[PDB]
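Numbered by PDB author numbering, the letters in the sequence shown go through residues 1B to 1F, 1 to 137 in order.
Note that CB positions come from ideal geometry on N, CA and C, so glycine has one too.
Each remark here refers to the structure printed beneath this line.
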Amino acid sequence: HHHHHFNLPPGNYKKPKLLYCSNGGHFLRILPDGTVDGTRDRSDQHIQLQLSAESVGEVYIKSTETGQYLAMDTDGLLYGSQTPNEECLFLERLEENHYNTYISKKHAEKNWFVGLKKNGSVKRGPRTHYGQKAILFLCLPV
């Protein structure tokens, strides 16, 4: 049983990508200390990510620089995990036909997305929802 639709973006896990949030034009970054936030500096060595498919529609977002896994905790907070756990899986879905959205699999029913606010700060799960511009990402080439 699904809580969401199954419109998926075509395969793009071959090479490393940059998760660009159109909302404020920031790049998703996972700092060495496990901190996650946004930055417009495309030359930043920590915005380069590598997605991997676990199950059709399920992905892992990993830092090529530090090797950390993007993850969302029970309070809806994003962080960088040293090991893959059930909080690192995201349902990568197509939104508005051409954007990408990443839903916490663990909290899929509550509709918790990966989102960046216009000031580049990470948005909290419960504060995200369909229809926002913070949940709309685009995988750009490194």
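Which stretch, first to last residue, makes up the beta strand (DSSP E) that contains residue i?
i                 : result
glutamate 53      : 53-58
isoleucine 98     : 94-99
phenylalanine 108 : That residue, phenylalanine 108, is in no beta strand (DSSP E); it is neither H nor E in DSSP.
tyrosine 74       : 73-76
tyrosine 64       : 64-67
What do you reckon, are the CB atoms on residue i and residue j nearer than 9 Å?
i             : j            : result
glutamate 53  : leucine 86   : yes
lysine 101    : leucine 84   : yes
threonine 59  : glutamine 77 : no
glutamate 104 : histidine 1D : yes
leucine 89    : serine 17    : no
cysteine 134  : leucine 3    : no
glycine 33    : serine 99    : no
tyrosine 97   : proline 79   : no
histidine 93  : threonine 61 : no
Return the bridge partner residues of residue i from the DSSP annotation.
i            : result
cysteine 16  : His21 and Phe132
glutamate 90 : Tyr94
For a test of the three-state rule: what should DSSP assign to residue i, helix, strand or coil?
i           : result
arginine 37 : coil
Any C-beta of chain B sitting closer than 9 Å to the C-beta of residue i?
i             : result
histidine 124 : The displayed structure is made up of one protein chain only, and chain B is not part of it.
request  = Assess, as a yes-or-no matter, whether the stretch 64-73 is touched by the stretch 107-120 under the definition of 3 or more beta carbon pairs within less than 8 Å.
outcome  = Yes, since at least three Cβ pairs between the stretch 107-120 and the stretch 64-73 fall closer than 8 Å, the two stretches touch.
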